[PDB]
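Next up: just one chain, as structure tokens, the form deposited in one PDB entry.
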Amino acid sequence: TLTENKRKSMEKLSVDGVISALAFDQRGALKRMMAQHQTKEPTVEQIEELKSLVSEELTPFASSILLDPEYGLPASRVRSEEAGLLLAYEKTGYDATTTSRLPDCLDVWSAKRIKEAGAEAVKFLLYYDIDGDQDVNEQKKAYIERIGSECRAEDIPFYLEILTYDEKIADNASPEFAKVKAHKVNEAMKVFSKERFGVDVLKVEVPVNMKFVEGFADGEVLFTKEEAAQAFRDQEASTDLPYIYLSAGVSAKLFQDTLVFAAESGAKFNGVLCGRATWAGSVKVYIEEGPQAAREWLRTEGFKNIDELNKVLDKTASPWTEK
């Protein structure tokens, strides 16, 4: 039961109950990508400019765009008139030195300032290991409670992104992690669907690593199609909140086929916040060839990525205007 203002904001972020959002709040990760292609340190100006190019060129094809408030405010002002705005609230990355990956809001931001910056939603990323240290998870749960309350007070939708991991498993791309991924994703969704966290939409991973699923796997096969399908149904049974998928930087084609698979399996997902799968290739072009060359990439390859995604969404996603 959304308040009047939260519903209006949700409408601004969606079309006919489906969220077809573009994600570009990447910061540290984006800077590292740019650094691969030039000698000099990527500048604040370059980061701000690439974000503006992506926003201006691709938001006409998205129901909304997620940006960070650190570099993305200029980009937010050139988004399509029909597209809504989400702003990220978390500091970028995490400490690889430890296993706790504790959440931390941007130092000079608050839900109120995010709303004042023109956002229709506050987005926050939490790393979560359901099987992790209980005191660490207690601190994480308390942190999300605070943000949930902020968003209730400011009357702005709270989008919580959850990225799972295992304290003892170094690489989430490994077969070892793939075997526990469904558990990590689905149980974390169940926790954060509790009323006390104030979440309006969950941004989550697919509960399987498709690279290990029969029909998609090019190497070791860990799961039959029926086993993978059951993980999607388990995900659907973990929450009654709206939820949308992140791409995790797989290829545009794989993400598309994954959504088709999710839908056939019985996942009633409500759209996507898709970032890297759409715009990844623009970074090299921007750095090596400049702004105009990036625009031309975005109008051809970038458009192809988001256009094919939109066609898939049209035949796979379920409207949140039912829940």
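Take the two forms, superpose them, and find the largest set of C-alpha atoms that agree within 1.5 Å; that set is the rigid core. Just count from 1 along the sequence shown to find any residue number.
- Averaged over CA atoms, B-factors in the entry run higher in 221-229 than in the other of 243-251 and 221-229.
- In this crystal structure, the stretch out of 313-321 and 1-9 whose C-alpha atoms carry the higher mean B factor is 1-9.
- Out of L67, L53, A280, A263, it is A280 whose C-alpha atom has the highest B-factor in the PDB entry.
- Looking only at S110, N186, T164, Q134, the residue with the top Cα B factor in the deposited structure is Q134.
- Compared with the other modelled residues of the chain, the Cα B-factor recorded for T99 ranks in the highest third.
- The deposited CA B-factor of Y286 belongs to the middle third of values across its chain.
- In the PDB entry, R77 places in the middle third of its chain by CA B-factor.
- In this PDB entry, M33 carries a Cα temperature factor that places it within the highest third of its chain's modelled residues.
- The deposited CA B-factor of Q292 belongs to the highest third of values across its chain.
There is another form of this protein, the form deposited in another entry, and it is not shown here; the text below is about that form.
- With the core superposed, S55 shows a C-alpha displacement below 2 Å between the shown form and the other one.
- Core-superposed comparison between the shown form and the other one: CA of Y286 displaced by 2 Å or more.
- Comparing the forms between the shown form and the other one, the C-alpha position of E11 differs by less than 2 angstroms, with the core used for superposition.
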